[PDB]
Amino acid sequence: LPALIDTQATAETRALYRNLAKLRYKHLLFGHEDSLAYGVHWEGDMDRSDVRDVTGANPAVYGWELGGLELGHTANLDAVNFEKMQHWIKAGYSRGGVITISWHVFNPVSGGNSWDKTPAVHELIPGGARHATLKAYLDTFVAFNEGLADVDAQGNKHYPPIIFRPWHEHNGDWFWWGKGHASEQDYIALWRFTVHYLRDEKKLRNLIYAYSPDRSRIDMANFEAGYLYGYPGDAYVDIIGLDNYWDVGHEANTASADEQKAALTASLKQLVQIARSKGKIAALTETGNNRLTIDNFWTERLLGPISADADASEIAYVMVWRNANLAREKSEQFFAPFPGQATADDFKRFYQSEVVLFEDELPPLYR
Ligand code: NA
């Protein structure tokens with residue numbers, strides 16, 4: 001009964017959304033960013049994942065990142081080759097996996113990255129002096145998406161559905177499209193234009209749109225109001241997402257473990273209630289414990305709190321961030337384990353949960 005904002009979405013896109021709406025009550029899809037691109041201790045293999053090396057299974061949800069595409073770069077801001085990315089997207093989809101894409105858009109005013117807070121939203125929205133630049137930027141995704149398509153013998157074009165998750169964590173002040181650097185109304189204009197341009201002007205039919213505030217900058221005593229800062233409206237959102245690294249052991253969080261667990265549960269309960277009220281689907285779109293320093297993280301700090309409340313449990317999926325290559329990037333940053341990593345066995349047991357679905361355990365999501 002949730003319905004997509006694209007009333008003409010492709011059969012497979014409509015099927016995915018319907019199937020997520022059904023599965024969410026008893027299951028949780030596991031996801032990982034850049035899962036096929038590299039791991040902490042490897043890069044180059046065209047069919048490998050840290051997640052699979054540990055569990056024997058690929059993640060159910062594959063996250064990818066477009067930052068730099070808009071500048072005509074051959075690889076994204078983390079040096080992930082766009083052609084390989086298209087290959088990996090098609091591969092994952094072919095196996096029945098789910099595809100989600102975020103976009104750390106470079107600052108069009110300063111030339112800095114997303115974390116350069118130089119204001120720019122006002123320039124990019126309709127009527128702004130750099131509106132043509134926004135169009136140019138979005139066009140690069142249109143072309144990327146075309147690259148994902150297969151054409152059958154009859155000339156019908158087939159695309160992987162994509163959970164497109166733009167302009168994320170906009171309630172934070174760390175991105176140029178964020179609170180403090182863009183007016184709320186201008187942010188809403190940017191979101192609405194993104195939807196109109198992709199869905200209506202360019203006629204992309206394979207997108208599911210995900211909205212994703214950061215939990216750390218939401219007041220738990222006024223959760224809904226915080227969550228809905230810069231919310232563009234029900235006609236522009238399909239997935240009621242949330243990025244929450246805070247309640248899963250962030251080093252700056254002085255709350256006790258028990259208090260954090262309770263907050264994670266409460267955040268997800270409220271997230272679910274919001275999605276239910278709007279006829280949408282909720283998801284924990286980014287989370288994780290950087291460097292996986294927390295014993296039994298998977299069962300105790302993630303699965304446990306998700307499962308501790310009936311409402312909280314109705315999220316459809318959870319994605320953890322990337323496993324940065326140590327040799328290349330020069331320091332440790334990772335959110336899934338790899339063989340030998342402390343939390344690897346707990347992660348296997350997490351996988352073995354009937355609740356948690358990896359790629360190998362998915363029903364047919366696309367019919
Ligand atoms: Na499982």
# chains A, B, ... in the order shown; residues from 1 in each chain; ligands from 1
call {"tool": "select_by_dssp", "arguments": {"residues": "stretch 33-249 of chain A", "states": "helix (DSSP H, G or I)", "output": "PyMOL selection string"}}
result
chain A and resi 50-55+69-71+82-94+121-124+131-146+184-201+215-217+220-227+234-236
call {"tool": "residues_near_ligand", "arguments": {"ligand": "ligand 1", "cutoff": "6 Å", "atoms": "only C-alpha atoms and all ligand atoms", "output": "PyMOL selection string"}}
result
chain A and resi 351-357
call {"tool": "write_last_selection", "arguments": {"atoms": "C-alpha atoms", "output": "PDB file, in the first residue's frame"}}
result
ATOM      1  CA  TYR A 351      24.226 -12.896   9.208  1.00  0.00           C
ATOM      2  CA  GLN A 352      22.909 -16.184  10.647  1.00  0.00           C
ATOM      3  CA  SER A 353      19.994 -14.309  12.269  1.00  0.00           C
ATOM      4  CA  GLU A 354      16.732 -15.254  10.568  1.00  0.00           C
ATOM      5  CA  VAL A 355      15.789 -11.582  10.727  1.00  0.00           C
ATOM      6  CA  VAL A 356      18.825 -10.309   8.817  1.00  0.00           C
ATOM      7  CA  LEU A 357      18.896 -10.990   5.099  1.00  0.00           C
TER       8      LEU A 357
END
call {"tool": "closest_residue", "arguments": {"among": "A:289, A:222, A:277, A:267", "to": "residue A:251", "atoms": "only C-alpha atoms"}}
result
A:289
call {"tool": "residues_around", "arguments": {"residues": "stretch 143-157 of chain A", "least_positions_apart": "2", "cutoff": "8 Å", "atoms": "only C-alpha atoms", "output": "NGL selection string"}}
result
:A and (86 or 89-90 or 139-141 or 159-160)
call {"tool": "write_last_selection", "arguments": {"atoms": "N, CA, C and O atoms", "output": "tab-separated table (two decimals), in the first residue's frame"}}
result
chain	number	residue	atom	x	y	z
A	86	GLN	N	29.54	0.89	-12.72
A	86	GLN	CA	28.36	0.47	-13.47
A	86	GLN	C	28.32	-1.05	-13.57
A	86	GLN	O	27.27	-1.68	-13.43
A	89	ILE	N	27.21	-2.47	-10.18
A	89	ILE	CA	25.77	-2.22	-10.01
A	89	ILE	C	24.96	-3.26	-10.78
A	89	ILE	O	24.05	-3.88	-10.23
A	90	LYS	N	25.31	-3.48	-12.03
A	90	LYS	CA	24.60	-4.44	-12.86
A	90	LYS	C	24.78	-5.86	-12.31
A	90	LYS	O	23.84	-6.66	-12.28
A	139	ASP	N	22.40	16.10	-15.27
A	139	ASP	CA	22.53	15.45	-16.57
A	139	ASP	C	23.57	14.34	-16.52
A	139	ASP	O	23.43	13.33	-17.21
A	140	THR	N	24.62	14.53	-15.70
A	140	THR	CA	25.70	13.54	-15.64
A	140	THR	C	25.17	12.26	-15.02
A	140	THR	O	25.60	11.17	-15.40
A	141	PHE	N	24.20	12.38	-14.11
A	141	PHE	CA	23.59	11.18	-13.53
A	141	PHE	C	22.66	10.54	-14.56
A	141	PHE	O	22.61	9.32	-14.70
A	159	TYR	N	16.31	-1.16	-16.76
A	159	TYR	CA	17.21	-0.52	-15.80
A	159	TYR	C	17.13	-1.19	-14.42
A	159	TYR	O	16.07	-1.70	-14.05
A	160	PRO	N	18.24	-1.16	-13.66
A	160	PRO	CA	18.16	-1.52	-12.25
A	160	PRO	C	17.42	-0.44	-11.51
A	160	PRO	O	17.71	0.74	-11.72
call {"tool": "closest_atom_pairs", "arguments": {"of": "stretch 102-221 of chain A", "to": "stretch 279-288 of chain A", "cutoff": "9 Å", "atoms": "only C-alpha atoms", "output": "JSON lines"}}
result
{"residue": "A:165", "atom": "CA", "partner": "A:285", "partner_atom": "CA", "distance": 8.9}
{"residue": "A:210", "atom": "CA", "partner": "A:285", "partner_atom": "CA", "distance": 8.6}
{"residue": "A:212", "atom": "CA", "partner": "A:285", "partner_atom": "CA", "distance": 7.0}
{"residue": "A:214", "atom": "CA", "partner": "A:286", "partner_atom": "CA", "distance": 8.9}
call {"tool": "write_last_selection", "arguments": {"atoms": "C-alpha atoms", "output": "mmCIF file, in the first residue's frame"}}
result
data_model
loop_
_atom_site.group_PDB
_atom_site.id
_atom_site.type_symbol
_atom_site.label_atom_id
_atom_site.label_comp_id
_atom_site.auth_asym_id
_atom_site.auth_seq_id
_atom_site.Cartn_x
_atom_site.Cartn_y
_atom_site.Cartn_z
ATOM 1 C CA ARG A 165 19.549 9.333 -1.762
ATOM 2 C CA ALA A 210 15.389 8.512 -0.075
ATOM 3 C CA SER A 212 18.117 11.045 5.195
ATOM 4 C CA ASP A 214 21.415 12.890 10.609
#
call {"tool": "closest_residue", "arguments": {"among": "A:266, A:125, A:5, A:105", "to": "residue A:235", "atoms": "only C-alpha atoms"}}
result
A:5
call {"tool": "residues_around", "arguments": {"residues": "residue A:46", "least_positions_apart": "2", "cutoff": "8 Å", "atoms": "only C-alpha atoms", "output": "PyMOL selection string"}}
result
chain A and resi 36-37+44+48
call {"tool": "write_last_selection", "arguments": {"atoms": "C-alpha atoms", "output": "compact mmCIF listing (two decimals), in the first residue's frame"}}
result
# COMPACT_ATOMS: atom_id res chain seq x y z
CA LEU A 36 32.57 -4.68 -4.36
CA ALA A 37 35.05 -1.85 -5.06
CA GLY A 44 41.50 -4.66 -7.84
CA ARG A 48 35.10 -9.59 -4.18
call {"tool": "residues_around", "arguments": {"residues": "stretch 130-132 of chain A", "least_positions_apart": "4", "cutoff": "12 Å", "atoms": "only C-alpha atoms", "output": "short mmCIF file (atom, residue, chain, number, x, y, z; two decimals) with N, CA, C and O atoms, in the first residue's frame"}}
result
data_model
loop_
_atom_site.label_atom_id
_atom_site.label_comp_id
_atom_site.auth_asym_id
_atom_site.auth_seq_id
_atom_site.Cartn_x
_atom_site.Cartn_y
_atom_site.Cartn_z
N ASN A 107 31.28 21.50 -4.45
CA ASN A 107 30.80 22.87 -4.31
C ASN A 107 30.96 23.67 -5.61
O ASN A 107 32.07 23.83 -6.11
N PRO A 108 29.83 24.10 -6.19
CA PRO A 108 29.95 24.71 -7.50
C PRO A 108 30.48 26.13 -7.43
O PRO A 108 30.96 26.64 -8.41
N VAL A 109 30.40 26.75 -6.25
CA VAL A 109 30.85 28.14 -6.07
C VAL A 109 32.38 28.19 -5.86
O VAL A 109 33.09 28.97 -6.48
N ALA A 120 25.96 27.80 -1.68
CA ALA A 120 25.75 27.52 -3.10
C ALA A 120 24.31 27.15 -3.50
O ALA A 120 23.94 27.23 -4.67
N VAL A 121 23.50 26.73 -2.54
CA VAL A 121 22.16 26.24 -2.88
C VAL A 121 21.36 27.33 -3.59
O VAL A 121 20.77 27.10 -4.65
N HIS A 122 21.40 28.54 -3.04
CA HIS A 122 20.70 29.69 -3.63
C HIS A 122 21.08 29.94 -5.10
O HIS A 122 20.23 30.35 -5.92
N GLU A 123 22.33 29.67 -5.44
CA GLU A 123 22.82 29.84 -6.81
C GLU A 123 22.27 28.77 -7.74
O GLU A 123 22.08 29.01 -8.92
N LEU A 124 22.02 27.57 -7.18
CA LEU A 124 21.71 26.38 -7.99
C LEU A 124 20.23 26.17 -8.30
O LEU A 124 19.90 25.57 -9.31
N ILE A 125 19.37 26.63 -7.40
CA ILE A 125 17.93 26.41 -7.52
C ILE A 125 17.34 27.23 -8.67
O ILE A 125 17.99 28.16 -9.18
N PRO A 126 16.13 26.88 -9.11
CA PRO A 126 15.56 27.67 -10.19
C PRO A 126 15.56 29.16 -9.88
O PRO A 126 15.19 29.59 -8.79
N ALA A 136 23.33 20.74 -15.47
CA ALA A 136 24.48 20.06 -16.05
C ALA A 136 24.90 18.91 -15.14
O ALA A 136 25.20 17.82 -15.60
N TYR A 137 24.90 19.19 -13.84
CA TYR A 137 25.29 18.19 -12.85
C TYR A 137 24.33 17.00 -12.90
O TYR A 137 24.75 15.84 -12.96
N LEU A 138 23.04 17.28 -12.90
CA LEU A 138 22.06 16.20 -12.88
C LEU A 138 22.10 15.41 -14.19
O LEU A 138 21.89 14.20 -14.21
N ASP A 139 22.40 16.10 -15.27
CA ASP A 139 22.53 15.45 -16.57
C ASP A 139 23.57 14.34 -16.52
O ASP A 139 23.43 13.33 -17.21
N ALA A 189 13.53 23.78 -2.18
CA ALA A 189 13.51 24.08 -3.61
C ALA A 189 14.48 23.21 -4.39
O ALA A 189 14.19 22.77 -5.50
N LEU A 190 15.66 22.98 -3.81
CA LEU A 190 16.70 22.14 -4.44
C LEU A 190 16.20 20.69 -4.56
O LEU A 190 16.32 20.04 -5.60
N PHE A 193 13.26 20.45 -7.12
CA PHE A 193 13.75 20.57 -8.49
C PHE A 193 14.44 19.29 -8.92
O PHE A 193 14.29 18.85 -10.04
N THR A 194 15.21 18.69 -8.01
CA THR A 194 15.90 17.42 -8.33
C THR A 194 14.91 16.35 -8.79
O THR A 194 15.09 15.67 -9.83
N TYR A 197 13.24 17.40 -12.18
CA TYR A 197 14.14 17.34 -13.32
C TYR A 197 14.31 15.88 -13.71
O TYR A 197 14.26 15.52 -14.87
#
call {"tool": "closest_residue", "arguments": {"among": "A:181, A:205, A:278, A:84", "to": "residue A:7", "atoms": "only C-alpha atoms"}}
result
A:205
call {"tool": "closest_residue", "arguments": {"among": "A:319, A:51, A:21, A:365", "to": "residue A:344", "atoms": "only C-alpha atoms"}}
result
A:51
call {"tool": "closest_residue", "arguments": {"among": "A:237, A:275, A:40, A:221", "to": "residue A:192", "atoms": "only C-alpha atoms"}}
result
A:237
call {"tool": "atom_distance", "arguments": {"atom1": "atom CA of residue A:128", "atom2": "atom CA of residue A:110"}}
result
15.9 Å
call {"tool": "atom_distance", "arguments": {"atom1": "atom CA of residue A:114", "atom2": "atom CA of residue A:168"}}
result
10.8 Å
call {"tool": "atom_distance", "arguments": {"atom1": "atom CA of residue A:360", "atom2": "atom CA of residue A:16"}}
result
16.3 Å
call {"tool": "closest_residue", "arguments": {"among": "A:170, A:215, A:250, A:202", "to": "residue A:270", "atoms": "only C-alpha atoms"}}
result
A:215
call {"tool": "residues_around", "arguments": {"residues": "residue A:343", "least_positions_apart": "2", "cutoff": "12 Å", "atoms": "only C-alpha atoms", "output": "JSON list (two decimals) with C-alpha atoms, in the first residue's frame"}}
result
[["chain", "number", "residue", "atom", "x", "y", "z"],
["A", 51, "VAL", "CA", 31.47, -8.83, 3.65],
["A", 54, "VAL", "CA", 33.68, -13.02, 6.24],
["A", 55, "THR", "CA", 30.18, -14.52, 5.80],
["A", 289, "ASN", "CA", 31.10, 1.68, 14.36],
["A", 290, "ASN", "CA", 34.25, 3.07, 12.76],
["A", 291, "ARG", "CA", 37.07, 0.50, 12.98],
["A", 292, "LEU", "CA", 34.71, -1.90, 14.74],
["A", 293, "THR", "CA", 36.21, -1.39, 18.19],
["A", 294, "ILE", "CA", 33.03, -2.42, 19.98],
["A", 295, "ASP", "CA", 32.83, -6.07, 21.09],
["A", 296, "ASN", "CA", 29.81, -7.88, 19.63],
["A", 297, "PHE", "CA", 28.78, -4.73, 17.83],
["A", 298, "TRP", "CA", 26.50, -6.47, 15.35],
["A", 299, "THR", "CA", 24.29, -8.44, 17.69],
["A", 300, "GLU", "CA", 24.50, -6.17, 20.75],
["A", 301, "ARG", "CA", 24.53, -2.64, 19.35],
["A", 334, "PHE", "CA", 35.89, 0.74, 8.02],
["A", 335, "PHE", "CA", 32.43, -0.31, 9.09],
["A", 336, "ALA", "CA", 32.12, -3.97, 8.04],
["A", 337, "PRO", "CA", 34.57, -6.57, 9.20],
["A", 338, "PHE", "CA", 37.13, -8.51, 7.21],
["A", 339, "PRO", "CA", 38.71, -11.87, 7.99],
["A", 340, "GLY", "CA", 40.54, -11.71, 11.31],
["A", 341, "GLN", "CA", 38.86, -8.50, 12.43],
["A", 345, "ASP", "CA", 32.43, -13.94, 14.26],
["A", 346, "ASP", "CA", 29.71, -11.77, 15.78],
["A", 347, "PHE", "CA", 29.07, -10.53, 12.24],
["A", 348, "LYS", "CA", 28.69, -14.15, 11.04],
["A", 349, "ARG", "CA", 26.12, -14.74, 13.78],
["A", 350, "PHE", "CA", 24.43, -11.50, 12.75]]
call {"tool": "select_by_dssp", "arguments": {"residues": "stretch 94-262 of chain A", "states": "strand (DSSP E or B)", "output": "PDB file with N, CA and C atoms, in the first residue's frame"}}
result
ATOM      1  N   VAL A  98      19.889  -5.161  -4.027  1.00  0.00           N
ATOM      2  CA  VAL A  98      19.343  -3.802  -4.076  1.00  0.00           C
ATOM      3  C   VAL A  98      20.458  -2.765  -4.223  1.00  0.00           C
ATOM      4  N   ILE A  99      20.180  -1.739  -5.012  1.00  0.00           N
ATOM      5  CA  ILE A  99      21.151  -0.687  -5.329  1.00  0.00           C
ATOM      6  C   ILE A  99      20.706   0.625  -4.700  1.00  0.00           C
ATOM      7  N   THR A 100      21.603   1.258  -3.937  1.00  0.00           N
ATOM      8  CA  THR A 100      21.362   2.630  -3.459  1.00  0.00           C
ATOM      9  C   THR A 100      22.553   3.544  -3.755  1.00  0.00           C
ATOM     10  N   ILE A 101      22.255   4.793  -4.115  1.00  0.00           N
ATOM     11  CA  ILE A 101      23.274   5.748  -4.524  1.00  0.00           C
ATOM     12  C   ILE A 101      23.143   7.085  -3.797  1.00  0.00           C
ATOM     13  N   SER A 102      24.246   7.517  -3.193  1.00  0.00           N
ATOM     14  CA  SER A 102      24.391   8.847  -2.602  1.00  0.00           C
ATOM     15  C   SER A 102      25.311   9.715  -3.441  1.00  0.00           C
ATOM     16  N   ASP A 150      20.068  -2.150 -20.140  1.00  0.00           N
ATOM     17  CA  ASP A 150      20.156  -3.151 -21.202  1.00  0.00           C
ATOM     18  C   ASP A 150      18.991  -2.942 -22.135  1.00  0.00           C
ATOM     19  N   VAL A 151      19.238  -3.105 -23.426  1.00  0.00           N
ATOM     20  CA  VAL A 151      18.156  -3.063 -24.409  1.00  0.00           C
ATOM     21  C   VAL A 151      17.948  -4.475 -24.954  1.00  0.00           C
ATOM     22  N   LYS A 157      13.946  -1.090 -23.021  1.00  0.00           N
ATOM     23  CA  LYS A 157      15.115  -0.769 -22.207  1.00  0.00           C
ATOM     24  C   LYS A 157      14.828  -1.174 -20.786  1.00  0.00           C
ATOM     25  N   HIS A 158      15.817  -1.777 -20.151  1.00  0.00           N
ATOM     26  CA  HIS A 158      15.652  -2.297 -18.796  1.00  0.00           C
ATOM     27  C   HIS A 158      16.742  -1.717 -17.886  1.00  0.00           C
ATOM     28  N   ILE A 162      16.982   2.018  -8.556  1.00  0.00           N
ATOM     29  CA  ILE A 162      17.940   2.675  -7.664  1.00  0.00           C
ATOM     30  C   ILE A 162      17.246   3.454  -6.577  1.00  0.00           C
ATOM     31  N   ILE A 163      17.655   3.210  -5.336  1.00  0.00           N
ATOM     32  CA  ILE A 163      17.240   4.041  -4.203  1.00  0.00           C
ATOM     33  C   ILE A 163      18.222   5.221  -4.194  1.00  0.00           C
ATOM     34  N   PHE A 164      17.768   6.327  -4.754  1.00  0.00           N
ATOM     35  CA  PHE A 164      18.572   7.534  -4.955  1.00  0.00           C
ATOM     36  C   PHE A 164      18.415   8.396  -3.716  1.00  0.00           C
ATOM     37  N   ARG A 165      19.541   8.717  -3.092  1.00  0.00           N
ATOM     38  CA  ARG A 165      19.549   9.333  -1.762  1.00  0.00           C
ATOM     39  C   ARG A 165      20.415  10.595  -1.776  1.00  0.00           C
ATOM     40  N   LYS A 179      22.229  22.857   7.071  1.00  0.00           N
ATOM     41  CA  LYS A 179      21.729  23.880   7.987  1.00  0.00           C
ATOM     42  C   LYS A 179      22.843  24.821   8.364  1.00  0.00           C
ATOM     43  N   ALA A 182      22.539  26.935   3.852  1.00  0.00           N
ATOM     44  CA  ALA A 182      21.391  27.060   2.930  1.00  0.00           C
ATOM     45  C   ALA A 182      20.132  27.295   3.745  1.00  0.00           C
ATOM     46  N   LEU A 207      13.772   5.189 -10.328  1.00  0.00           N
ATOM     47  CA  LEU A 207      14.240   5.783  -9.085  1.00  0.00           C
ATOM     48  C   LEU A 207      13.214   5.721  -7.961  1.00  0.00           C
ATOM     49  N   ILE A 208      13.765   5.421  -6.797  1.00  0.00           N
ATOM     50  CA  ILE A 208      13.091   5.509  -5.518  1.00  0.00           C
ATOM     51  C   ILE A 208      13.863   6.538  -4.686  1.00  0.00           C
ATOM     52  N   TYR A 209      13.167   7.548  -4.169  1.00  0.00           N
ATOM     53  CA  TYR A 209      13.828   8.689  -3.553  1.00  0.00           C
ATOM     54  C   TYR A 209      13.888   8.573  -2.036  1.00  0.00           C
ATOM     55  N   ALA A 210      15.116   8.600  -1.521  1.00  0.00           N
ATOM     56  CA  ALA A 210      15.389   8.512  -0.075  1.00  0.00           C
ATOM     57  C   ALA A 210      15.894   9.813   0.535  1.00  0.00           C
ATOM     58  N   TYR A 211      15.218  10.172   1.614  1.00  0.00           N
ATOM     59  CA  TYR A 211      15.455  11.344   2.462  1.00  0.00           C
ATOM     60  C   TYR A 211      16.194  10.865   3.718  1.00  0.00           C
ATOM     61  N   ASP A 214      20.499  13.436   9.627  1.00  0.00           N
ATOM     62  CA  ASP A 214      21.415  12.890  10.609  1.00  0.00           C
ATOM     63  C   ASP A 214      20.774  12.931  11.978  1.00  0.00           C
ATOM     64  N   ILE A 239      11.391   6.946   0.674  1.00  0.00           N
ATOM     65  CA  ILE A 239      11.977   6.289   1.824  1.00  0.00           C
ATOM     66  C   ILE A 239      12.349   7.316   2.891  1.00  0.00           C
ATOM     67  N   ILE A 240      11.846   7.031   4.088  1.00  0.00           N
ATOM     68  CA  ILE A 240      12.046   7.830   5.295  1.00  0.00           C
ATOM     69  C   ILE A 240      13.296   7.247   5.978  1.00  0.00           C
ATOM     70  N   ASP A 243      20.502   8.673   8.974  1.00  0.00           N
ATOM     71  CA  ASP A 243      21.903   8.383   9.197  1.00  0.00           C
ATOM     72  C   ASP A 243      22.143   8.536  10.708  1.00  0.00           C
TER      73      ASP A 243
END
call {"tool": "closest_atom_pairs", "arguments": {"of": "stretch 172-204 of chain A", "to": "stretch 10-13 of chain A", "cutoff": "12 Å", "atoms": "only C-alpha atoms", "output": "tab-separated table"}}
result
residue	atom	partner	partner_atom	distance
A:199	CA	A:10	CA	11.9
A:203	CA	A:10	CA	11.1
A:204	CA	A:10	CA	9.3
